[PDB]
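Below, in structure tokens: the form deposited in one PDB entry, a single chain.
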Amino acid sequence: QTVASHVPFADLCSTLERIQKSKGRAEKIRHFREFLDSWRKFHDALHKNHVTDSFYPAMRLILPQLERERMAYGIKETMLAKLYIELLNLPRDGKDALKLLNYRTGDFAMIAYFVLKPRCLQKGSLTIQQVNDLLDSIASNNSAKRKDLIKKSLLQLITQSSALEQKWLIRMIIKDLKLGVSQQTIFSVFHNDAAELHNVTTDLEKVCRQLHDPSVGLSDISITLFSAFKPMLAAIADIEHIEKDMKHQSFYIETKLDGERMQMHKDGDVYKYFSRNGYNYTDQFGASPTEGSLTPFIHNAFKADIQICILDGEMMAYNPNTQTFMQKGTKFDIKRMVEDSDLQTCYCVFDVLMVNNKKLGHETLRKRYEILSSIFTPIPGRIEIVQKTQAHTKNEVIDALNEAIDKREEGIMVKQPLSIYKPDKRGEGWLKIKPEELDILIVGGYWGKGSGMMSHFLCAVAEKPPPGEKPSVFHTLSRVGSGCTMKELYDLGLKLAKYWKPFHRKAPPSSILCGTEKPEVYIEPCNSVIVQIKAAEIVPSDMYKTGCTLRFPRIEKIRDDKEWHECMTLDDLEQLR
């Protein structure tokens, strides 16, 4: 016997409707308080004699974006449209039908409601349980790729509900209630302790079950093994005011990695992995050392004394042949090459929350790092400790950021050493710093510092030729990193290899004029390629012929659609200043 099997889904939607149309935050909260309170009174009425029953059946429909039990619905609003058209017998070429089908972004539920309103007169039949039953069935049949059984499940949902129930059903499926009150507000009204508990278990059900009585608190809410906690986040930081931000004492600068944030929970032969939103990615990485794309290659990297631990880090795609991490944005397909063994998952770890019996959240950052060094012996390309150093200078933070960008990382992290780990709070001890479009030509290259492959390109601008003429002279403007973080850079290097020529300071080429800075090798401009380069500003320089250069230059794309003679010019450079 359960409450949701007794409460009409209609009661829920009335409350949702009463909430949405309310202007003030106070009136909004009030309708929900009212709903929560009747649920509670009835539960006690129901369970006097009796429990695992809880508010969850409703809570999961009220904060549907926090659903974690039920997988994706795989329902497209077009299906809904076509379905309603067939169902309601609407003229397939009329305004209603077309409004639904060609919906962009007064949302889809509103449009459906206004079509349903004069046409659907039924009162609802479903209980909150039944709706939940029906949604289960939709998610399940989506996983099975059974469209007929989704259609049929939607059918039971729709024809058994009222128009308003249908409006909210849709929002519950799209996972956007548009209520006008934050989820944090909702949790606060539900329980003093809800929000905090959810931050250490991304799980509505435990939230509701464990905090069913509003007057019983939990004494020690903490990160538990195999419970998904929300990751600690980093605050945006101004470079000019960083020393103060770090309280004028010594701090950590750590590499900022652009990958999939992931937590690993390990107890002996047993593994779980959770993403930033508390989704279970174990099947991918491996539950056991005999299964997965990662666990088997790292299981034996854990030191002898280590039975249980919890790590925080970034999953990267690593290329063994070039010893590089692959960035998110590429014309190529990371998800499939990783599967095809041209690439491999590498876990890049920057924090530990527990080891064996002890819980580390309230340890200072310094101690967790110290501990981290004793959990496993790193394996390059599978599981690494993130590169970091100790610093105290604004200049240092600048030097680190240049170095990061040159190596094609997105930025750097700055972290205060005494800081504890605060799940889902952004800032505190953790800061992130990122930099804060030219089409120019590659005219030279460098090896060393990377590998074979090139570490950097020397790039230049065109001196505007006579009319009818292609350019013949180039002025160097900037070095830039060419680490193969994307396959197109890899491909470029191989296309370009036949063209490199030794650069001689004592007898340079007439086509490329250099400043103090000299390439090891150059390339005749006609044989080369335009790169599109992102840069923060143009700053003075003696190293390059232009008398200026690019701060934080990154290559965005290779412009194979342009021609070498289409290079931006000194004059093009003038205007950018």
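Residue numbers run from 1 along the displayed sequence. For the two forms, the rigid core is made up of the largest set of C-alpha atoms that agree within 1.5 Å on superposition.
For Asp258, record whether it is unmodelled in at least a third of the other compared entries of this protein. In all of the other entries, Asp258 has coordinates.
Cross-entry absence of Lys470, a third or more of other PDB entries: Yes: coordinates for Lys470 absent from at least a third of the compared entries.
Check the residues of the deposited sequence separating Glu436 from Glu437 and report how many of them have no coordinates, as none, 1 to 3, 4 to 9, or 10 or more. 4 to 9 residues are missing.
Counting only residues that lack coordinates, how big is the gap in the deposited sequence between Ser451 and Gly452? Pick none, 1 to 3, 4 to 9 or 10 or more. Unmodelled stretch: 1 to 3 residues, a short break.
Of 560-568 and 7-15, the stretch whose C-alpha atoms average the higher B-factor in the entry: The deposited B-factors put 560-568 ahead on the C-alpha mean.
Comparing average C-alpha B factors as deposited, tell me which of 480-488 and 338-346 sits higher. Higher of the two, by average CA B-factor, is 338-346.
Per the entry's Cα B factor values, which of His265, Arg382, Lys422, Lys247 stands out as the maximum? When the deposited C-alpha B-factors of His265, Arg382, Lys422, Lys247 are compared, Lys247 is largest.
Could you say which of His50, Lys534, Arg33, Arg68 has its CA atom at the highest B factor, as listed in the PDB entry? Of the options given, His50 has the highest CA B-factor in the PDB entry.
Sorting by Cα B-factor within the chain, modelled residues only, which third would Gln184 end up in: lowest, middle or highest? Within its chain, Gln184 is a lowest-third residue by C-alpha B-factor, going by the deposited values.
Determine, from the deposited record, the chain-internal third of the Cα B-factor for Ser125: lowest, middle or highest. It belongs to the lowest third of the chain when residues are ordered by C-alpha B-factor.
By the recorded C-alpha temperature factor, relative to the other modelled residues in its chain, which third is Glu27 in? Tercile = middle for this residue's CA B-factor.
If you rank every modelled residue in this chain by C-alpha B factor, which third holds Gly278: lowest, middle or highest? Tercile = lowest for this residue's CA B-factor.
Would you mind checking where the Cα B-factor of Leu154 ranks among the modelled residues of its chain, as the lowest, middle or highest third? Ranked within chain, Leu154 CA B lands in the lowest tercile.
If you look for the form solved in complex with a partner chain, you will not find it shown, but the lines that follow are about it.
Name the single residue among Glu17, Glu556, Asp11, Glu566 that comes within 4.5 Å of the partner chain in the entry with it bound, judging by heavy atoms. Residue within 4.5 Å of the partner: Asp11.
Exactly one residue in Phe552, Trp39, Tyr56, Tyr544 has a non-hydrogen atom within 4.5 Å of the partner chain in the entry with it bound; which is it? Contact with the partner chain in the entry with it bound is made by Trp39 alone.
Can you tell me if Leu573 lies within 4.5 angstroms of the partner chain in the entry with it bound, counting non-hydrogen atoms only? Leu573: no contact with the partner chain in the entry with it bound.
Does the 4.5 Å heavy atom contact test between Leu46 and the partner chain in the entry with it bound come out positive? It does: once the partner chain is placed as it appears in the entry with it bound, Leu46 has a heavy atom within 4.5 Å of it.
Among 510-518, 30-38, 57-65, 530-538, which stretch has residues with heavy atoms no more than 4.5 Å from the partner chain in the entry with it bound? Result for this chain: 30-38.
Large Cα move at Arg92 between the shown form and the other one, threshold 2 Å, rigid core: The answer is yes, as the C-alpha of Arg92 shifts between the shown form and the other one by 2 Å or more after core alignment.
Once everything's superposed on the core, is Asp333 shifted 2 Å or more at the Cα between the shown form and the other one? No, its C-alpha moves less than 2 Å.
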